[PDB]
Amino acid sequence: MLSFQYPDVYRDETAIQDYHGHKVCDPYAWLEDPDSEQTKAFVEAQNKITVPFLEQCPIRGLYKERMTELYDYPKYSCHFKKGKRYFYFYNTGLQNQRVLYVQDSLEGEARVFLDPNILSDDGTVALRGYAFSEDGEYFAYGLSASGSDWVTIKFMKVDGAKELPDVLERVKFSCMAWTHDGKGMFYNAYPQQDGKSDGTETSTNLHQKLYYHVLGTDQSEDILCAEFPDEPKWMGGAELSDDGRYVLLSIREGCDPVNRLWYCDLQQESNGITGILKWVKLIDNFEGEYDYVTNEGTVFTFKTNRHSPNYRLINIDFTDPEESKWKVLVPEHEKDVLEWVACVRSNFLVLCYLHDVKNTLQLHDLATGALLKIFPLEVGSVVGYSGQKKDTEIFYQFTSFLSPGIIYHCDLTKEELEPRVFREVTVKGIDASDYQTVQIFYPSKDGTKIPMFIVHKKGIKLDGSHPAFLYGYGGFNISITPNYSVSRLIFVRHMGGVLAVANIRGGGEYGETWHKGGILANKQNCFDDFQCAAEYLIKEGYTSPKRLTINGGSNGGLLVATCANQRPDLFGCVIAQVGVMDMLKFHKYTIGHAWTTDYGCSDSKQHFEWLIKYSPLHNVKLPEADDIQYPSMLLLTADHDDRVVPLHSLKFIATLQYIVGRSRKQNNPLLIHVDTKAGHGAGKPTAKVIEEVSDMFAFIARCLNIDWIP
């Protein structure tokens, strides 16, 4: 099947580094430079063999046609009110970017407010963050180009959608919050740096600061309100309390769910915002997470995990701040994770829980924390919500593996609350009744029971004849909950496949203890859990090794790449998207320094010893047995992925091709596709999304020789 030859790639055999006595050769270190002629030539040569392989067979075209037809359905976000107007995002179906609409009332005619599609020919300029002024009359929005994390903040007067001159540059990983006097907005920016800042550079991002922009002025006049010169990795995000009196600064260092919480009583400022604010360091450590919900005078309600791995609600009174004085408003649940909490209609709280990887929604009283109402939902996820303190209604969006979703609305002014369906779209061509979603719990190596969702056609025989697509992430306290994917359903319907999602450790499915169970010294638990998910699917008859594909992105790309090295005999195909492959150098680039909380950092001998055992780049090895080769592998990345710099995938594919690809027994392809004008994934235009899934499924189809079922 390999009618092509792997590109010749220079090996710098002098690139040797000592890691606590352990010598490590990095012959493809030169691929770390995205701008060199050598790296550019490498990328071109790789794409030259991958593209024809993916497009050779009719399958890619069949899949693309079907995806284009099925993904073409009206897509709405739930409504949200700002000032006296309602807003919502909407995509007629195949627009590259969804469009923001505005209407003066729910029954009123809607009009285009912000259409990102007209900002580029190919839909590569996307909205990335936004914030309306408290009165809803002004609007700030971030724009990212080519998928980069870099943002340019622009402004508009809402009435008439008038463009304002204000433009803020050097913005990345920024919060946006307007002071309630309507004078300006807080945001974050990084200092000037040598080289490019367009998403193609690998430069580490340090010294992020907090600024205040006065509307109607030049960015050069912005006020520096907080900075951490002796702590280059700290990032301070600002938000205003609901009453507009306090600026709450959440300081983060790394990716753990913990933050310092400082506050500034704006009324106490000597003469408005003129410099470094008079910060009161309420919580001055990284021992716990404190997420602002609302306040009533000096009594602040926070969602926290302080000595509560499943999260809970506490009230901290700024006038009697000692921990011994905090009140527990809504105690922690024994197993269910309190995901998020919102305050609406002054004294109501909307609590969203995660029960065995499915969302539940409840209304509670702010004063006592008592449960008032349960908003009924089918098995799935809450992916959208609106309703701030001054609002008197809520909107919430539900989705699942089989349904595109339902948007509900509830008028909270009514004495007898009655939630109603507000918007529900049906996708023609896919009959949800033909499929089934089951949740099972399988034992991992150490006996821990891991949840896994399996989606398949009703009535299939568990004879191991079906191709399967097993997905996982496993890290950063992220819970992988039910979501609607047309691309995956096409695999089920048109490729006769079985979909599976394993809720492995490292995630947040069972709180912080679940997260800790898949990080640092225990990172191997993630890989074991995932390998055991595969073993379960095989032993139970859903699939067989030769018919099994595993997929993951970012931390999930690391997951599947490691599994390929560790158990090549278990998988037929592996698709790793924008994955972290060099675990010894990840911290050196862009925002990679933040991931050390989940992975550790190679500067430590103890951490190095963990990392070296699973780092994909450092564990490529020909299988011992003569009848075992590596699975077919496809790595997907893009040239503007400044979240996980592409060098990770470049170095990994070079290594796979050299160590494994050259072996005579290796007949399964080991390929990479590097896209242009794209990044980590957020904001990717519809056209690119369609091309990507078409590539993924064509690779699977060709490698496993699966017949398309029309």
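In case it trips you up, residue 1 is the first one in the sequence shown, and so on.
**Student:** I need to verify one thing: averaged over C-alpha atoms only, is the B-factor higher for 382-390 or for 556-564?
**Tutor:** Looking at the record's C-alpha B-factors, the answer is 382-390.
**Student:** For the stretches 179-187 and 460-468, which has the higher mean C-alpha B-factor as given in the deposited record?
**Tutor:** Per the PDB record, 460-468.
**Student:** Out of 664, 677, 648, 40, which residue has the highest Cα temperature factor in the PDB record?
**Tutor:** In this record, 664 carries the highest C-alpha B-factor of the candidates.
**Student:** Which of these has the highest Cα B-factor in the record: 582, 104, 284, 242?
**Tutor:** Of the options given, 104 has the highest CA B-factor in the PDB entry.
**Student:** What third of its chain's C-alpha B-factors does residue 474 belong to: lowest, middle or highest?
**Tutor:** It falls in the bottom third of the chain.
**Student:** For residue 48, does the deposited CA B-factor place it in the lowest, middle or highest third of the chain?
**Tutor:** Answer is middle: the recorded C-alpha B-factor places it there.
**Student:** Taking only the Cα B-factors deposited for this chain, tell me whether residue 695 sits in the lowest, middle or highest third.
**Tutor:** Answer is lowest: the recorded C-alpha B-factor places it there.
**Student:** Report the third (lowest, middle or highest) to which the CA temperature factor of residue 668 belongs, ranking only the modelled residues of the same chain.
**Tutor:** Tercile = middle for this residue's CA B-factor.
**Student:** Test of reading the entry: by CA B factor among the chain's modelled residues, which third contains residue 219?
**Tutor:** Residue 219: CA B-factor falls in the highest third of its chain.
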